[PDB]
Amino acid sequence: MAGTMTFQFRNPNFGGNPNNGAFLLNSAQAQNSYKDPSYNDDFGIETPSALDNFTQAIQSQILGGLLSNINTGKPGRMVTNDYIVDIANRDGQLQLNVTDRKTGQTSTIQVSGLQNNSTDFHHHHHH
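This is how it looks when you write it as structure tokens:
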């Protein structure tokens, strides 16, 4: 008698699902560049010979860092001209995300494994 469901079409617009490459990696030592840049780089950086697999082993782990470096934005950064020094201290590590202004490369320096603390308290002038 009653119109139970009948249409039952709700939830407008589905987005979709993404595919993944797993990126479980293998092993990358890279050893020798063999074709590294010469004369302001003619084509050395564009010849992925041995470093090829190494570069990819890094880009795979950068994907994880992207899940942290998007929650940054703290005012405690470093304003440098040729290098954008964004101090990504998140989670529990000092990740120094240096973005070059010239060519624009992401120099992500994860500071991990120092434990060398030189205690500094005043007396910054002694001869």
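Sequential numbering from 247 applies to the sequence shown in our numbering.
From the three backbone atoms N, C-alpha and C, an ideal C-beta is built for every residue, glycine too.
| Query | Result |
| --- | --- |
| Below 8 Å on the Cβ atoms is my contact criterion, and I expect residue 374 with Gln-341 to pass it. Report the Cβ-Cβ distance as a whole number of Å. | Nothing in the structure corresponds to residue 374, since the chain is present only between 247 and 373. |
| How far does the alpha helix (DSSP H) with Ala-303 in it extend, from its first residue to its last? | 297-311 |
| Could you give the C-beta distance for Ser-353 and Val-344, rounded to a whole number, given that I count them as a contact under 8 Å? | 4 Å |
| In chain order, what residues of the same chain lie with their CB nearer than 6 Å to the CB of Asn-299, ignoring the 5 residues before and after it? | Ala-274 |
| What is the DSSP secondary structure of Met-324, counted as helix, strand or coil? | strand |
| For the putative contact between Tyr-285 and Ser-295, defined by C-beta atoms under 8 Å, what is the C-beta separation to the nearest angstrom? | Incorrect: roughly 18 Å between the Cβ atoms, too far for contact. |
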